[PDB]
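Can you read through this structure? Questions will come right after.
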């Protein structure tokens, strides 16, 4: 999608690279947040007795 | 009962040092990264969700 | 991009087990060192924006501490 | 049965809106919004009358308002300086296929997505961890 | 940049700039459709 | 002179349709 936008002229190469870096970083951070929160919940709830 | 008292208690607190650190780092960073990628391109930012 | 000068072979965060890591499209550019550079971010987005974002991130943790203290 | 009836009724409504009914409707974002509202109303009525809304109602609101809403968001981010958007019925079959796919995928994701015990146990753990507040 | 959609009405106004020519007089600007005589209001 | 035709949706258009449908169905569940 970013390559299509850049070809259309909406954003330049540097903007595309910066956005890809930032968006991949936030994707990784959000996946880590979700996984770690679920892991903590599972570990706490497995000790229900 | 002894198995509970010696293993489920370990499970209940087995992740704080790593999971807490990772969660807090990601929480600190995500807001700023989203702000940056909004500054570059809100269109691609909405796409990234 | 000077980050793409080297190929990242280790996980960006070393406290994450390798089996739990993600195979990223952009190696060595999405690592926290290459992204969260204070000087580069201040040059590119301004001092005020970076300071505000860091303050918001820190206030999230302050809110978590306040919630834990309400107990 | 219900899926074929939904497809037939949707096709009939789109064909009607393509004809003289569409000409009355305005052009642009309001035109698309009004077309979507009419589509949703027609589907809701013709399914309530035939008693097939028990499990297909969830898919109605997205399927009918996914095309207009999308367009609006674009005009709010990339700007409205571009040409006025085309109506759903007048658009080619690819847009309808993509809309069906989007509605189905969203429906499946929401089915998968729809905990209290875990939350209360975590709150209990926080209560137990309260004495360690200075260290945290 | 080519032009916008043409579902009916709303045609953009076309500007034709002829720059840095001498003498001022004798210039004839004509509008065509591609060959045919273009239709639309014209002025300078 | 460009004209409006039966152009197919772009990939970004498909992603936007999916996101809009997801948001709308979530809202319908909410209310």
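Letters are used for the chains, namely A, B, C, D, E and F, taken in the order the chains are written, and counting of residues starts over at 1 for each.
Following the convention adopted for this analysis, a residue touches a chain if its C-beta (ideal position, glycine included) is under 8 Å from a C-beta of that chain, and two chains touch if they have at least 3 such contacts.
Engineer: Which other chains touch subunit A while also touching subunit E?
Structural biologist: D, F
Engineer: Counting C-beta pairs in contact, does B-F beat A-B or the other way around?
Structural biologist: If we tally the C-beta pairs in contact for B-F and A-B, the bigger total goes to A-B.
Engineer: Subunit B to subunit C: how many Å between their CA centres?
Structural biologist: Each chain's C-alpha centroid was found; their separation is 12 Å.
Engineer: Just how far, in Å, is the C-alpha centre of subunit E from the one of subunit D?
Structural biologist: Each chain reduced to its C-alpha mean, subunit D and subunit E end up 45 Å apart.
Engineer: Measuring from the mean C-alpha position of subunit B to the mean C-alpha position of subunit E, what distance in angstrom results?
Structural biologist: Roughly 60 Å separates the two chain centres.
Engineer: Taking the mean of the CA coordinates per chain, how far is subunit C from subunit F in Å?
Structural biologist: Their C-alpha centroids are separated by 32 Å.
Engineer: If a residue has to touch 2 or more other chains to count, which residues of subunit C qualify?
Structural biologist: 32, 35
Engineer: Give the residues of subunit E that touch two or more other chains, as numbers and ranges in rising order.
Structural biologist: Residues 4-5, 7 of subunit E touch two or more partner chains.
Engineer: For subunit D, what residues touch not just one other chain but two or more?
Structural biologist: Counting only residues that touch two or more other chains, subunit D contributes 73-74, 78, 83, 86, 125.
Engineer: Let me make sure I understand the interfaces: which chain pairs count as touching?
Structural biologist: In this structure, the chains touch in these pairs: A-B, A-C, A-D, A-F, B-C, B-D, B-F, C-D, D-E, D-F, E-F.
Engineer: Note which residues of subunit D are touching subunit E in the complex, please.
Structural biologist: Those residues of subunit D that touch subunit E are 27, 82-84, 86.
Engineer: If we count contacts the way the header does, which residues on subunit C are in touch with subunit D in the complex?
Structural biologist: The touching residues are 65, 68-69, 71.
Engineer: With touch defined as at the start, can you tell me which subunit A residues reach subunit D in the complex?
Structural biologist: Touch list, subunit A to subunit D: 10, 40-42, 44-45, 48.
Engineer: Going by the contact rule at the top, pick out the subunit F residues touching subunit D in the complex.
Structural biologist: 4, 6-9, 13-14, 16-29
Engineer: What residues on subunit D touch subunit A, complex-wise?
Structural biologist: By the definition above, subunit D touches subunit A via 78, 117-119, 121-122, 125.
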